[PDB]
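Have a look below at one chain only, the form deposited in one PDB entry, in structure tokens format.
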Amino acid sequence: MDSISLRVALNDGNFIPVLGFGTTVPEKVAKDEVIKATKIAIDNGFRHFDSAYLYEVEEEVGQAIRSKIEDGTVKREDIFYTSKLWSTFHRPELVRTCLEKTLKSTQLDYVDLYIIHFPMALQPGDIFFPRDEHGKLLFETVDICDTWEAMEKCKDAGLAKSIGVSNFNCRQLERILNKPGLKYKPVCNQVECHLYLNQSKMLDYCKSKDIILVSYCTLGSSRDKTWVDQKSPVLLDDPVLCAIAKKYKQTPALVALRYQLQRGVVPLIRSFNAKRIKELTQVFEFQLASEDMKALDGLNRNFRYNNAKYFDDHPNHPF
């Protein structure tokens, strides 16, 4: 069967498809394009979809998914849908409210994985990034351990099959793992990970705790100018990556992706192009040799495309 549909074990007894499909829509691209791409991803064997409250497209993604359930292509159970809790709902009493909005929007009866988008709380309200009239960002110091307890209850309530975090550093992660009364451990930490920021320490830390590293910007991001510095290196053009790709008669994208899979990372990818969507499904058809992995490991330069500078000087900034 579709090898990219196959699953890996989560520490709570659940299983996640090994390859995920992101749903962020680029600034100048139309939101209906995500419906097109999602249906195509499903047709190509993609069973893991990553979204978020912040993305404002959960209505569209849920629509693409249900149409495929409707026409008998898949069952809810075949789909693994991930969503994320936004910073303005970090207050314990607001966590489930955020999730219930996602459920209402997607029309799915539960999310397979619900995660904390960032370890930073912002003032409750209707704006994603609330600032005062002088531009200061209105944040709060809600303890992650408190928001985490609210996340555990959403799992107990059956609204989320699994719970995890995103953009957490080791200190923040340790804070939750050592929390007294901890009932459910985070099943993953979704962070930026690619050839220029391979996260070997975080990967080692997660392995020792049975937490999986789910990577984003795996192919060097979408270079969306609203959030990616245009003077940053283009990952897929890297000479060493292109030489190796050439050596295996594969594309750089496939080599950048395979590298992650080979090191134990569950990667997220995104393409609104039908040829490229199909192309990524062949990542299991080859295998990098030790020497080549060591080569790619050497491309690391601790470079972030996602600095989270839109969070200004939040006392809890992970980076």
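All residue numbers refer to positions in the sequence shown, first residue = 1. In this text, the rigid core denotes the largest set of C-alpha atoms whose superposition between the two forms falls within 1.5 Å.
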query	finding
Residue range whose averaged C-alpha B-factor is higher in the record, 227 to 235 or 138 to 146	227 to 235
Mean C-alpha B-factor comparison - 156 to 164 and 193 to 201, higher one	193 to 201
Criterion, highest CA B-factor; candidates, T82, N169, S105, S215	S105
Identity of residue with top Cα B-factor, from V61, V266, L280, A30	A30
Third of chain Cα B-factors occupied by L296	middle
Ranked C-alpha temperature factor of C188 among modelled chain residues, by third	lowest
Lowest, middle or highest third - CA B-factor, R76	middle
Lowest, middle or highest third - CA B-factor, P119	lowest
Record-listed C-alpha B factor of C206: chain third	middle
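The form deposited in another entry exists for this protein as well; it is not shown, and the discussion that follows is about that form.
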query: Mobile residue between the shown form and the other one, C-alpha criterion 2 Å or more, rigid core, from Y196, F129, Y110, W227; finding: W227
query: CA of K294, rigid core aligned, shift of 2 Å or more between the shown form and the other one; finding: no
query: Exceeds or equals 2 Å, Cα of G45 between the shown form and the other one, core fit; finding: no
query: Core fit, then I16 C-alpha moves 2 Å or more between the shown form and the other one; finding: no
query: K225 and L195, C-alpha gap in the other entry relative to this structure (3 Å or more); finding: closer
query: Direction of C-alpha distance change in the other entry, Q63 to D32 (at least 3 Å); finding: farther
